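Enquirer: Quick one, final.txt (compact mmCIF, C-alpha atoms):
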```txt
# COMPACT_ATOMS: atom_id res chain seq x y z
CA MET A 1 109.89 38.17 135.10
CA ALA A 2 110.09 37.70 131.33
CA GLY A 3 113.07 40.07 131.15
CA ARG A 4 113.51 43.79 130.53
CA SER A 5 115.80 45.99 128.46
CA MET A 6 118.52 47.87 130.32
CA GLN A 7 121.63 49.90 129.50
CA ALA A 8 125.18 49.01 130.53
CA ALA A 9 127.23 51.49 132.56
CA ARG A 10 130.38 51.87 134.65
CA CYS A 11 130.73 51.24 138.38
CA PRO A 12 130.09 54.51 140.29
CA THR A 13 132.70 53.60 142.93
CA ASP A 14 135.75 51.37 143.41
CA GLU A 15 134.74 49.22 146.39
CA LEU A 16 131.64 47.91 144.62
CA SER A 17 133.90 46.71 141.79
CA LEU A 18 135.60 44.33 144.26
CA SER A 19 132.49 42.26 145.09
CA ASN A 20 131.52 40.90 141.63
CA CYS A 21 128.04 42.43 141.98
CA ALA A 22 126.18 44.25 139.22
CA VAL A 23 125.86 47.78 140.58
CA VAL A 24 122.30 48.98 139.91
CA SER A 25 119.79 51.55 141.15
CA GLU A 26 117.44 51.17 144.11
CA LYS A 27 114.49 52.26 141.93
CA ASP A 28 114.61 49.12 139.74
CA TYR A 29 115.82 46.14 141.80
CA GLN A 30 116.99 45.38 145.35
CA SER A 31 120.33 44.37 146.80
CA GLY A 32 120.87 40.62 147.15
CA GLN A 33 118.91 39.61 144.05
CA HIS A 34 120.57 37.74 141.18
CA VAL A 35 119.96 38.41 137.49
CA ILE A 36 120.66 36.75 134.14
CA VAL A 37 122.02 39.01 131.39
CA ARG A 38 121.39 38.24 127.71
CA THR A 39 123.12 39.90 124.76
CA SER A 40 123.15 37.20 122.06
CA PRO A 41 120.83 34.22 121.46
CA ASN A 42 123.57 31.96 122.85
CA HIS A 43 125.17 34.07 125.63
CA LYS A 44 123.53 33.89 129.07
CA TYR A 45 125.61 35.26 131.95
CA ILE A 46 124.66 35.84 135.59
CA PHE A 47 125.36 38.74 137.95
CA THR A 48 124.64 39.69 141.56
CA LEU A 49 122.51 42.80 141.99
CA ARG A 50 123.65 45.54 144.37
CA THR A 51 121.65 48.77 144.44
CA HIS A 52 123.24 52.20 144.86
CA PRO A 53 121.64 55.67 144.87
CA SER A 54 124.13 57.00 142.29
CA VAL A 55 122.97 54.61 139.53
CA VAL A 56 120.57 56.18 137.04
CA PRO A 57 117.34 54.18 136.54
CA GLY A 58 117.38 52.15 133.35
CA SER A 59 121.04 51.13 133.49
CA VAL A 60 123.28 48.53 135.11
CA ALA A 61 126.85 49.38 136.12
CA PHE A 62 129.57 46.78 135.54
CA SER A 63 133.17 46.56 136.68
CA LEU A 64 136.15 46.26 134.36
CA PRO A 65 136.61 42.50 135.00
CA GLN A 66 132.87 41.95 134.49
CA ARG A 67 132.83 43.87 131.21
CA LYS A 68 135.98 42.10 130.00
CA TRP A 69 134.53 38.67 130.75
CA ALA A 70 131.15 39.58 129.23
CA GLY A 71 132.62 41.57 126.33
CA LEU A 72 130.16 44.39 127.01
CA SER A 73 130.31 48.00 125.85
CA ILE A 74 129.26 51.17 127.69
CA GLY A 75 125.94 51.96 126.01
CA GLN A 76 124.77 48.74 124.39
CA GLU A 77 121.28 47.52 125.25
CA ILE A 78 120.99 44.20 127.11
CA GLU A 79 118.12 42.02 128.30
CA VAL A 80 118.25 41.42 132.06
CA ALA A 81 115.83 39.06 133.81
CA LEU A 82 115.58 38.20 137.49
CA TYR A 83 117.15 34.85 138.39
CA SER A 84 116.43 33.28 141.78
CA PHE A 85 118.81 30.43 142.54
CA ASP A 86 117.10 27.25 143.71
CA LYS A 87 118.77 26.07 146.91
CA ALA A 88 118.56 22.38 145.99
CA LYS A 89 121.06 21.83 143.14
CA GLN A 90 123.41 24.86 142.92
CA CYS A 91 124.39 25.27 146.60
CA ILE A 92 128.19 25.36 146.37
CA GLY A 93 129.98 22.98 148.72
CA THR A 94 133.46 22.84 147.20
CA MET A 95 134.64 25.22 144.48
CA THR A 96 138.00 26.06 142.90
CA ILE A 97 139.32 29.29 141.38
CA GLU A 98 142.45 30.18 139.40
CA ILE A 99 143.85 33.26 141.16
CA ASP A 100 146.37 35.73 139.74
CA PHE A 101 147.22 39.36 140.37
CA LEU A 102 145.05 41.80 138.44
CA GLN A 103 147.36 44.76 137.83
CA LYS A 104 150.75 44.11 136.26
CA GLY B 1 155.37 102.88 85.20
CA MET B 2 153.27 104.69 82.61
CA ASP B 3 150.69 101.89 82.76
CA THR B 4 149.32 102.84 86.18
CA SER B 5 148.66 106.54 85.56
CA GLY B 6 147.67 106.15 81.91
CA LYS B 7 145.20 103.34 82.50
CA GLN B 8 143.74 105.09 85.55
CA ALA B 9 143.21 108.35 83.64
CA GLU B 10 141.75 106.76 80.51
CA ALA B 11 139.46 104.46 82.50
CA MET B 12 138.24 107.37 84.63
CA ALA B 13 137.50 109.42 81.51
CA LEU B 14 135.64 106.51 79.89
CA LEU B 15 133.64 105.88 83.07
CA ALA B 16 132.71 109.57 83.28
CA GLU B 17 131.57 109.43 79.65
CA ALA B 18 129.47 106.37 80.51
CA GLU B 19 127.97 108.26 83.46
CA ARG B 20 127.03 111.14 81.16
CA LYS B 21 125.54 108.67 78.67
CA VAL B 22 123.36 107.02 81.31
CA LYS B 23 122.27 110.43 82.60
CA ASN B 24 121.22 111.44 79.07
CA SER B 25 119.55 108.07 78.44
CA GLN B 26 116.49 108.98 80.51
CA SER B 27 116.03 112.23 78.59
CA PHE B 28 116.46 110.40 75.28
CA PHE B 29 113.85 107.80 76.25
CA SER B 30 111.40 110.45 77.45
CA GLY B 31 111.78 112.58 74.33
CA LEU B 32 111.92 109.90 71.62
CA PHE B 33 111.51 106.42 73.19
CA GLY B 34 114.80 105.17 71.77
CA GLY B 35 114.37 101.85 73.56
CA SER B 36 117.34 100.08 75.16
CA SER B 37 120.12 100.80 72.65
CA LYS B 38 121.49 103.56 74.88
CA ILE B 39 121.30 101.34 77.96
CA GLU B 40 122.97 98.39 76.23
CA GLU B 41 125.72 100.67 74.92
CA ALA B 42 126.25 102.09 78.42
CA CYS B 43 126.49 98.53 79.75
CA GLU B 44 129.13 97.84 77.10
CA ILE B 45 131.12 100.88 78.27
CA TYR B 46 130.81 99.71 81.87
CA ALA B 47 132.04 96.21 81.00
CA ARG B 48 134.98 97.59 79.01
CA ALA B 49 135.89 99.94 81.87
CA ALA B 50 135.71 97.08 84.38
CA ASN B 51 138.00 94.97 82.19
CA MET B 52 140.44 97.87 81.76
CA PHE B 53 140.53 98.43 85.52
CA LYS B 54 141.23 94.71 85.93
CA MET B 55 144.21 94.96 83.57
CA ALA B 56 145.26 98.11 85.46
CA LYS B 57 145.60 96.12 88.73
CA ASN B 58 142.89 98.29 90.36
CA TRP B 59 140.58 95.50 91.51
CA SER B 60 138.12 97.72 93.39
CA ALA B 61 137.28 99.87 90.36
CA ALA B 62 136.73 96.78 88.22
CA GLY B 63 134.42 95.34 90.86
CA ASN B 64 132.44 98.58 91.11
CA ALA B 65 132.05 98.78 87.33
CA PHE B 66 130.98 95.13 87.17
CA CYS B 67 128.37 95.74 89.88
CA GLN B 68 127.03 98.81 88.07
CA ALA B 69 126.76 96.90 84.79
CA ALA B 70 125.11 93.94 86.51
CA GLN B 71 122.53 96.16 88.22
CA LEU B 72 121.72 98.07 85.03
CA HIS B 73 121.35 94.89 82.97
CA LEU B 74 119.20 93.29 85.68
CA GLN B 75 116.94 96.33 85.42
CA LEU B 76 116.63 95.31 81.75
CA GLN B 77 114.95 92.02 82.80
CA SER B 78 118.05 90.03 81.72
CA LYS B 79 118.79 87.85 84.74
CA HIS B 80 121.41 85.68 83.01
CA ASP B 81 123.77 88.51 82.04
CA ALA B 82 123.17 90.13 85.43
CA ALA B 83 124.24 86.89 87.13
CA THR B 84 127.33 86.67 84.92
CA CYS B 85 128.35 90.25 85.70
CA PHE B 86 127.70 89.65 89.40
CA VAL B 87 129.94 86.57 89.28
CA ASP B 88 132.70 88.68 87.74
CA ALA B 89 132.16 91.34 90.42
CA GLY B 90 132.33 88.70 93.13
CA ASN B 91 135.62 87.38 91.78
CA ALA B 92 136.94 90.98 91.62
CA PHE B 93 135.60 91.41 95.21
CA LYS B 94 137.25 88.12 96.30
CA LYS B 95 140.23 89.74 94.43
CA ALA B 96 139.56 93.23 95.97
CA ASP B 97 137.25 92.96 99.07
CA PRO B 98 135.76 89.47 99.89
CA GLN B 99 132.78 90.49 102.08
CA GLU B 100 131.12 92.03 99.01
CA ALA B 101 131.95 88.91 97.00
CA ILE B 102 130.00 86.84 99.55
CA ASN B 103 126.72 88.62 98.80
CA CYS B 104 127.47 88.83 95.08
CA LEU B 105 127.98 85.06 94.91
CA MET B 106 124.88 84.49 97.06
CA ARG B 107 122.79 86.55 94.64
CA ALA B 108 124.26 84.69 91.67
CA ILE B 109 123.50 81.37 93.37
CA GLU B 110 119.90 82.42 94.01
CA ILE B 111 119.43 83.50 90.39
CA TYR B 112 120.94 80.26 89.08
CA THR B 113 119.01 77.94 91.41
CA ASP B 114 115.78 79.74 90.49
CA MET B 115 116.07 77.99 87.10
CA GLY B 116 117.14 74.62 88.52
CA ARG B 117 120.81 74.77 87.47
CA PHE B 118 122.12 72.92 90.51
CA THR B 119 125.71 72.22 89.41
CA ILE B 120 126.66 75.90 89.12
CA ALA B 121 125.02 76.61 92.48
CA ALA B 122 127.02 73.80 94.08
CA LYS B 123 130.26 75.10 92.57
CA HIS B 124 129.54 78.62 93.82
CA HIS B 125 128.73 77.24 97.27
CA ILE B 126 132.08 75.43 97.28
CA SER B 127 133.77 78.69 96.29
CA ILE B 128 132.03 80.56 99.13
CA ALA B 129 133.06 77.86 101.61
CA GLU B 130 136.65 78.15 100.39
CA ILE B 131 136.50 81.93 100.79
CA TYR B 132 135.31 81.49 104.37
CA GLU B 133 138.01 78.91 105.11
CA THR B 134 140.98 80.84 103.71
CA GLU B 135 140.65 84.06 105.71
CA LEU B 136 138.31 83.37 108.64
CA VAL B 137 138.17 80.41 111.01
CA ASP B 138 134.34 80.44 111.13
CA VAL B 139 134.15 76.70 110.57
CA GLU B 140 130.38 76.41 111.03
CA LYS B 141 129.49 78.40 107.91
CA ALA B 142 132.01 76.38 105.90
CA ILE B 143 130.41 73.15 107.13
CA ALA B 144 126.96 74.45 106.19
CA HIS B 145 128.10 75.44 102.70
CA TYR B 146 129.90 72.12 102.17
CA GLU B 147 126.82 70.19 103.32
CA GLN B 148 124.63 72.17 100.92
CA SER B 149 127.03 71.57 98.02
CA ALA B 150 127.30 67.85 98.82
CA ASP B 151 123.51 67.57 98.99
CA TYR B 152 123.20 69.24 95.58
CA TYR B 153 125.87 66.98 94.08
CA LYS B 154 124.18 63.87 95.46
CA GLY B 155 120.87 65.11 94.07
CA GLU B 156 122.55 65.47 90.67
CA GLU B 157 123.72 61.81 90.77
CA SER B 158 127.32 63.02 90.35
CA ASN B 159 129.24 60.64 92.60
CA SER B 160 132.96 60.82 93.50
CA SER B 161 132.53 64.59 94.07
CA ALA B 162 130.06 64.59 96.97
CA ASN B 163 132.42 62.08 98.60
CA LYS B 164 135.20 64.67 98.76
CA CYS B 165 132.84 67.27 100.24
CA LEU B 166 131.67 64.82 102.90
CA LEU B 167 135.29 63.89 103.66
CA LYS B 168 136.11 67.57 104.18
CA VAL B 169 133.03 67.97 106.37
CA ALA B 170 133.97 64.98 108.52
CA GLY B 171 137.60 66.06 108.81
CA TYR B 172 136.60 69.53 109.97
CA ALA B 173 133.92 68.17 112.33
CA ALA B 174 136.46 65.89 114.01
CA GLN B 175 138.40 69.05 114.91
CA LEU B 176 135.53 70.52 116.97
CA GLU B 177 135.58 67.55 119.42
CA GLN B 178 132.46 65.92 117.91
CA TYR B 179 133.43 62.43 116.79
CA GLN B 180 130.19 60.63 115.91
CA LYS B 181 129.68 62.40 112.58
CA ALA B 182 133.33 61.86 111.65
CA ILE B 183 133.12 58.14 112.41
CA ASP B 184 129.89 57.76 110.43
CA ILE B 185 131.21 59.62 107.38
CA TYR B 186 134.57 57.83 107.44
CA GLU B 187 133.04 54.36 107.69
CA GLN B 188 130.46 55.12 104.99
CA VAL B 189 133.11 56.45 102.60
CA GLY B 190 135.42 53.51 103.29
CA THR B 191 132.75 50.88 102.69
CA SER B 192 131.62 52.70 99.54
CA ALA B 193 135.16 52.91 98.15
CA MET B 194 136.01 49.30 99.04
CA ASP B 195 134.21 47.94 95.96
CA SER B 196 135.54 50.44 93.41
CA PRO B 197 138.38 49.12 91.20
CA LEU B 198 140.55 52.24 91.21
CA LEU B 199 139.60 53.63 94.63
CA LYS B 200 140.03 50.27 96.40
CA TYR B 201 143.70 50.87 97.19
CA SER B 202 142.84 54.02 99.16
CA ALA B 203 139.97 52.48 101.14
CA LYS B 204 142.18 51.20 103.97
CA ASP B 205 143.34 54.71 104.84
CA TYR B 206 139.83 55.91 105.65
CA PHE B 207 139.29 53.12 108.17
CA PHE B 208 142.42 54.12 110.08
CA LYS B 209 141.15 57.67 110.54
CA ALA B 210 137.85 56.41 111.94
CA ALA B 211 139.73 54.17 114.36
CA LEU B 212 141.71 57.15 115.64
CA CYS B 213 138.52 59.19 115.83
CA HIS B 214 137.03 56.16 117.62
CA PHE B 215 139.88 55.92 120.15
CA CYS B 216 139.09 59.11 122.09
CA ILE B 217 135.60 57.97 123.15
CA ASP B 218 137.00 54.98 125.04
CA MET B 219 139.72 52.43 124.44
CA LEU B 220 137.39 49.43 124.76
CA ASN B 221 135.24 50.46 121.79
CA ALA B 222 138.39 51.02 119.70
CA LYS B 223 139.79 47.49 120.04
CA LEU B 224 136.44 45.96 119.07
CA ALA B 225 136.11 48.43 116.20
CA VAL B 226 139.37 47.18 114.68
CA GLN B 227 138.05 43.62 114.73
CA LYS B 228 134.89 44.66 112.90
CA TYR B 229 137.01 46.07 110.07
CA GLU B 230 139.58 43.27 109.85
CA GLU B 231 137.00 40.53 109.34
CA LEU B 232 135.27 42.60 106.64
CA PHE B 233 138.48 43.65 104.82
CA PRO B 234 141.20 41.09 105.62
CA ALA B 235 143.83 42.88 103.52
CA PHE B 236 143.61 45.72 106.06
CA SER B 237 145.79 43.52 108.28
CA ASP B 238 148.69 43.98 105.84
CA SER B 239 148.90 47.77 106.12
CA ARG B 240 151.16 49.42 108.69
CA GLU B 241 148.17 51.13 110.31
CA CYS B 242 146.95 47.91 111.92
CA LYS B 243 150.36 47.15 113.43
CA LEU B 244 150.71 50.73 114.67
CA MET B 245 147.25 50.59 116.27
CA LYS B 246 147.97 47.26 117.97
CA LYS B 247 151.29 48.50 119.33
CA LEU B 248 149.72 51.73 120.60
CA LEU B 249 146.92 49.76 122.28
CA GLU B 250 149.43 47.43 123.95
CA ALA B 251 151.52 50.38 125.14
CA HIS B 252 148.50 52.23 126.54
CA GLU B 253 147.00 49.18 128.27
CA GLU B 254 149.68 49.47 130.98
CA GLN B 255 150.16 53.27 131.12
CA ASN B 256 153.44 52.78 129.21
CA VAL B 257 153.56 56.27 127.72
CA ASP B 258 157.21 55.85 126.72
CA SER B 259 156.59 52.88 124.41
CA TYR B 260 153.67 54.68 122.76
CA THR B 261 155.82 57.77 122.24
CA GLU B 262 158.74 55.75 120.85
CA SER B 263 156.51 53.90 118.39
CA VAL B 264 155.03 57.22 117.26
CA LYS B 265 158.54 58.62 116.77
CA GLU B 266 159.59 55.60 114.71
CA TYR B 267 156.51 55.75 112.49
CA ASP B 268 156.99 59.49 111.96
CA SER B 269 160.67 58.92 111.13
CA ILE B 270 159.80 56.38 108.44
CA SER B 271 157.09 58.69 107.05
CA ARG B 272 156.33 62.26 108.11
CA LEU B 273 153.07 62.74 110.00
CA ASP B 274 150.28 65.16 109.17
CA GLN B 275 149.19 68.03 111.41
CA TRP B 276 145.75 66.45 111.81
CA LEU B 277 147.26 63.11 112.85
CA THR B 278 149.83 64.83 115.08
CA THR B 279 147.11 66.77 116.91
CA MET B 280 144.86 63.73 117.32
CA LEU B 281 147.73 61.56 118.60
CA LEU B 282 148.67 64.28 121.08
CA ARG B 283 145.06 64.43 122.25
CA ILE B 284 144.93 60.65 122.70
CA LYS B 285 148.25 60.69 124.57
CA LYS B 286 146.81 63.05 127.20
CA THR B 287 144.97 60.11 128.80
```
Turn this file's structure into structure tokens for me.

Expert:
Amino acid sequence: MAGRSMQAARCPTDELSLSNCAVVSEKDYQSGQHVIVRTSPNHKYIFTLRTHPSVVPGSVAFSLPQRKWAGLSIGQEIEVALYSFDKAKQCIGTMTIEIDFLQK
Amino acid sequence: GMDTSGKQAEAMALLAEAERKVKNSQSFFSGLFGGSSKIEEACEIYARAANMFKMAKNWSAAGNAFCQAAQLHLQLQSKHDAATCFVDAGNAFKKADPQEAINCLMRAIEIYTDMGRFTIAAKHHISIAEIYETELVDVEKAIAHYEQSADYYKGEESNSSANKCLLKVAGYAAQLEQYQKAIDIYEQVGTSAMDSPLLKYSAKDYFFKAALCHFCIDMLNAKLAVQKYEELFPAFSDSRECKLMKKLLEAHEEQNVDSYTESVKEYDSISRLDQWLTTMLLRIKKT
């Protein structure tokens, strides 16, 4: 619960990259859980866990958009801790996104 | 001309006389205990014959005579003169047959390092590595010899010479598709040379190489790498290498092979490219 060290990796597949979920292994976490990723003492991002048998234990797999937003590298150690959203203050009711085509 | 036949005949006669002298030396010692005067004189004849064969363009005979003299004088408990004669034989061998020169130089290196004379051992190791490089493509032995020589030079506190050996080692290692060592050596050399007054102007170049050697692993870690350098050495931004790298990155980010190729052609046209850089750029282009 205090957080654990884990290695960044690439998404095993393409479909998983389209769901904005941190692709992980079934031997560490479970699908549906949410985690907080820490790299610097002032950067605290959040990802959605999604287990897959092809993920090696001891590593999280991230998509290209996720890595670009987080500025992560394939290999760097990160500190990931479980994060359970409290359904009393962060339950989205109306949200807005800027949408643009990914590939040029 | 007359030189060939005349020198060959006279040298053969002198060598035969030396052979007779050494054969009679044992009888002289047994009958009278003359000492080593006969042996030293025979060594003198052998050295003169080796030199004459060297002037006669017959490298093999000179090498053989040098080896005979070295062996005989080593039997006389004189390791220094034996090492000198073996060095001459190795050069003659490198000048006649190199395989023999390898072992001759190895023996000379062992004799020299026995006394703690590290500089001569390092120089001979460099010579052996060069011998391996010129004829054969057995890179691994050259890397081992260069590493040994660089270690000796560093242990002798003689800087600016181990740096060149490490640069050669890294450049050759980057050829074998092993990039980590090349990156480490290049960055270390660049940061070391940054602070030197005279060497400062060259420092930038080293960084560029590392960046190229850093580009194959993955493009993401190359971009970031550039940043790490530019903040540390702002003047790097002025050199053409930064602009070339940025343009190549922009061209590759969208699979625009044509723009990358055109930029490479332009840069080559302004200044001719090296075979190392040409090969590495071709390898990067494959992606």

Enquirer: With a cut-off of 9 Å and counting only C-alpha atoms, select all residues of chain B in contact with chain A and give the selection as a VMD selection string.

Expert: chain B and resid 220 to 221 254

Enquirer: Could you list, as number ranges by chain, every residue within 9 Å of segment 9-21 of chain A, counting all atoms listed in the file and ignoring same-chain residues fewer than 4 positions away?

Expert: A: 34, 47-50, 52, 54-55, 59-66, 73-76

Enquirer: Using all atoms listed in the file, which protein or nucleic acid residues come within 9 Å of segment 7-21 of chain B? Drop anything in the same chain fewer than 4 positions from it, and give the result as a PyMOL selection string.

Expert: chain B and resi 2-3+25+38-39+41-43+45-46+48-50+52-53+55-56+58+65

Enquirer: Leaving out residue 101 of chain B and any residue of its chain fewer than 5 positions from it, which residues lie within 9 Å of it when counting all atoms listed in the file, given as a VMD selection string?

Expert: chain B and resid 86 to 87 89 to 96 106 128

Enquirer: Save out the residues we just selected, C-alpha atoms, as a short mmCIF file (atom, residue, chain, number, x, y, z; two decimals), in the frame of the given file.

Expert:
```cif
data_model
loop_
_atom_site.label_atom_id
_atom_site.label_comp_id
_atom_site.auth_asym_id
_atom_site.auth_seq_id
_atom_site.Cartn_x
_atom_site.Cartn_y
_atom_site.Cartn_z
CA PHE B 86 127.70 89.65 89.40
CA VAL B 87 129.94 86.57 89.28
CA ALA B 89 132.16 91.34 90.42
CA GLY B 90 132.33 88.70 93.13
CA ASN B 91 135.62 87.38 91.78
CA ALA B 92 136.94 90.98 91.62
CA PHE B 93 135.60 91.41 95.21
CA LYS B 94 137.25 88.12 96.30
CA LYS B 95 140.23 89.74 94.43
CA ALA B 96 139.56 93.23 95.97
CA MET B 106 124.88 84.49 97.06
CA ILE B 128 132.03 80.56 99.13
#
```

Enquirer: So what do you get for atom CA of residue 166 of chain B versus atom CA of residue 188 of chain B, distance-wise?

Expert: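 Here the two named atoms are 10.0 Å from each other.
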
Enquirer: So, with all atoms listed in the file as the atoms that count, which of B:133, B:187, B:177, B:44 lies closest to residue 217 of chain B?

Expert: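 So, comparing all the options, the nearest one is B:177.
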
Enquirer: Would you list the contacts of residue 278 of chain B as an mmCIF file with C-alpha atoms, in the frame of the given file, taking every protein, DNA or RNA residue within 12 Å and counting all atoms listed in the file, but skipping same-chain residues closer than 2 positions in sequence?

Expert:
```
data_model
loop_
_atom_site.group_PDB
_atom_site.id
_atom_site.type_symbol
_atom_site.label_atom_id
_atom_site.label_comp_id
_atom_site.auth_asym_id
_atom_site.auth_seq_id
_atom_site.Cartn_x
_atom_site.Cartn_y
_atom_site.Cartn_z
ATOM 1 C CA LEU B 212 141.710 57.150 115.640
ATOM 2 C CA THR B 261 155.820 57.770 122.240
ATOM 3 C CA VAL B 264 155.030 57.220 117.260
ATOM 4 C CA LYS B 265 158.540 58.620 116.770
ATOM 5 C CA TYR B 267 156.510 55.750 112.490
ATOM 6 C CA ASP B 268 156.990 59.490 111.960
ATOM 7 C CA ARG B 272 156.330 62.260 108.110
ATOM 8 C CA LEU B 273 153.070 62.740 110.000
ATOM 9 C CA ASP B 274 150.280 65.160 109.170
ATOM 10 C CA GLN B 275 149.190 68.030 111.410
ATOM 11 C CA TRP B 276 145.750 66.450 111.810
ATOM 12 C CA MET B 280 144.860 63.730 117.320
ATOM 13 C CA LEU B 281 147.730 61.560 118.600
ATOM 14 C CA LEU B 282 148.670 64.280 121.080
ATOM 15 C CA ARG B 283 145.060 64.430 122.250
ATOM 16 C CA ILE B 284 144.930 60.650 122.700
ATOM 17 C CA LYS B 285 148.250 60.690 124.570
#
```

Enquirer: Could you tell me, as a list in words, which residues have any atom at most 10 Å from (147.6, 51.1, 120.6), counting all atoms listed in the file?

Expert: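 Here the neighbourhood of the point contains residues 212, 215, 219, 222, 223, 242, 243, 244, 245, 246, 247, 248, 249, 250, 251, 252, 253, 259, 260 and 263 of chain B.
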
Enquirer: For segment 168-173 of chain B, work out the shell of residues within 8 Å, counting all atoms listed in the file and skipping chain neighbours fewer than 3 positions away, then give it as a list in words.

Expert: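 Contacts, with the query itself left out: residues 139, 143, 146, 147, 164, 165, 176, 177, 178, 179, 181, 182, 183, 185 and 186 of chain B.
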
Enquirer: For atom CA of residue 218 of chain B and atom CA of residue 180 of chain B, determine how far apart the two atoms are, in Å to one decimal place.

Expert: 12.7 Å

Enquirer: As an exercise, work out the distance from atom CA of residue 155 of chain B to atom CA of residue 118 of chain B in Å and give it to one decimal place.

Expert: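 Rounded to one decimal, the two atoms are 8.7 Å apart.
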
Enquirer: Which one is closest to residue 26 of chain A: A:102, A:95, A:2, A:56? Count all atoms listed in the file.

Expert: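 Distance minimum relative to residue 26 of chain A lands on A:56.
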
Enquirer: Taking all atoms listed in the file into account, name the residue in B:201, B:68, B:120, B:84 that is nearest to residue 153 of chain B.

Expert: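 Among B:201, B:68, B:120, B:84, it is B:120 that comes nearest to residue 153 of chain B.
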
Enquirer: Using only C-alpha atoms for the distances, tell me which of B:144, B:4, B:32, B:72 is nearest to residue 54 of chain B.

Expert: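 Using only C-alpha atoms, the shortest distance to residue 54 of chain B belongs to B:4.
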
Enquirer: Of the residues A:46, A:80, A:70, A:23, which is the one nearest to residue 6 of chain A, using all atoms listed in the file?

Expert: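 The closest residue to residue 6 of chain A is A:80.
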
Enquirer: In terms of the shortest atom-to-atom distance over all atoms listed in the file, which of A:51, A:39, A:7, A:90 is closest to residue 25 of chain A?

Expert: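 Result for the nearest residue to residue 25 of chain A: A:51.
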
Enquirer: To box segment 143-156 of chain B, take all atoms listed in the file, fit an axis-aligned box, add 6 Å on each side, and give centre and edge lengths in Å to one decimal, as lines of an AutoDock Vina configuration file.

Expert:
```
center_x = 125.6
center_y = 69.7
center_z = 98.9
size_x = 21.5
size_y = 23.6
size_z = 28.5
```
